[PDB]
């Protein structure tokens, strides 16, 4: 409850770079690949005004960085966006996920007025699917060999939630 969401600032880019460490996956910023901190800050400067992606830094009461809440591929004609939450390893198993997931859905459905929010989860991480399922998400796709994760193509589940059910 004490956790707060804050729009992403330049200073928070170091926290983004640290979150990427230990993930072992190509990081993208507005659909452009980056791996070093200097590559990131340059693209943050060039996409500063692009409203197709919005990122919020999650902090506690004493302002310790907990994680990141990012909405990508925002389309205002169809009113959809892809949701992705990244919790720092320090606070991964402390139960902050469900609160941050509700905070993200709140901003998406009560400020941006989006119709649908979908996410992508690895089939090889079933407990994460149960998490999002218990948060209101339902499976709508089982993408076969969608991503190349550590030397092999993996299946990824696409799950959605509509504005209708979150508000009612």
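Residue numbers count along the first chain shown, from 1.
Q: Once you work out the mean C-alpha B-factor for both 140-148 and 12-20 from the entry, which is higher?
A: 12-20 has the higher mean C-alpha B-factor.
Q: Comparing 113-121 with 129-137, where is the mean C-alpha B-factor higher?
A: According to the entry, 129-137 carries the higher average C-alpha B-factor.
Q: Please place residue 69 in the lowest, middle or highest third of its chain according to the CA B-factor in the PDB entry.
A: Tercile = lowest for this residue's CA B-factor.
Q: Could you place residue 94 in the lowest, middle or highest third of its chain by Cα temperature factor, using the values in the record?
A: For residue 94, the deposited C-alpha B-factor lands in the middle third.
Q: What third of the chain does residue 81 rank in for C-alpha temperature factor, lowest, middle or highest?
A: Within its chain, residue 81 is a lowest-third residue by C-alpha B-factor, going by the deposited values.
Q: Select lowest, middle or highest to describe the third in which the CA B-factor of residue 107 falls within its chain in this entry.
A: Residue 107: CA B-factor falls in the middle third of its chain.
Q: Ranked by Cα temperature factor within the chain, is residue 7 in the lowest third, the middle third or the highest third?
A: For residue 7, whose C-alpha B-factor we compare with every modelled residue in the chain, the answer is the lowest third.
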